[PDB]
């Protein structure tokens, strides 16, 4: 019912101008700041967060489906990253300074982004080279972040740093004016996901400390769990959209006297992918039903969805034949190129499988009964 109202709100906010902003963002290969401002103004982040310090997984999942329906990794990932930075601030931001930047972010007045990954420490955030040092009642933050999505338009960056004065990982919020944003990378896909290296050599007040030394990894893991749940939801919705488009093609394209849908090998392949996509969507509902954000569950669902998504898009692109390979005839290549980011961005398959494995429990009694 609060969820039915949230869905009603998403249906009002995700209108024809959002679809138009998405299409233009794809053509320009840049994130439209007006989307976050529009979602903020519409009360999307406000209705999602309400007065809770911890996220409502049901609302998180419904927003992920809305983003996924746009079939644009850049747009969807961009919004979800902003929202995941909000999740870090809501749970870990104690100062009035942080609660105010968090409120600005919920309103869509400030764009937030994550500064975790580096050239050396991409998957391993423990080997972070970015340093945080206490000086003049504030902090000195120095380092380079490799992949900072939304950095060309962000107002604040959630920087993962290693404290010189002290595990040892901390999170510090740094304003955009105090960082050097490099030229955005030319990437394989996800055009509107403006990603660039960020060079930091500045000072920040003590109030800008999001998570103190020895708590930074818990804070970034919380945001990454929030992000992983969203990526899984976005994959489920974008895969459903791709299956539906592919089916429309299959029912109109005729070859060897029959439509493609009448060719049983293609029909049953699609039915298998549909069944598996439906399973992922039902699983997300099932996870939301528990009403808690769990790090291992988020890791598990995101890796499974990223690997399924890759397959769905590859097989949809295959069914479009030659036309699928022609950029001015179909957009399948763009979908396929965007989806390839899923297994790497937001945590690699291996890192996520290590997190799942770490919490797996043996059954000694059952093993005793089998031997």
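Residue numbers count along the first chain shown, from 1.
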(request) Might you work out how many residues are unmodelled in the deposited sequence between residue 166 and residue 167, and answer none, 1 to 3, 4 to 9, or 10 or more? (result) 4 to 9
(request) Could you check the entry and say whether 317-325 or 29-37 has the higher mean CA B-factor? (result) 29-37
(message) Quick check: 187-195 versus 116-124, which has the larger average CA B-factor in the record?
(response) 116-124
(request) Specify which of 177, 224, 283, 275 carries the largest Cα B factor in the deposited PDB entry. (result) 177
(request) Tell me, please, which of 287, 260, 248, 170 has the highest C-alpha B factor according to the deposited entry? (result) 170
(request) Grab the CA temperature factor for residue 267 from the record and place it in the lowest, middle or highest third of its chain. (result) lowest
(message) Splitting the chain's C-alpha B-factors into thirds, which one does residue 52 fall into?
(response) highest
(message) By the recorded C-alpha temperature factor, relative to the other modelled residues in its chain, which third is residue 91 in?
(response) middle
(request) Can you work out whether the C-alpha temperature factor of residue 141 puts it in the lowest, middle or highest third of the chain? (result) highest
(message) Quick check on the deposited entry: does the C-alpha B-factor of residue 244 sit in the lowest, middle or highest third of its chain?
(response) lowest
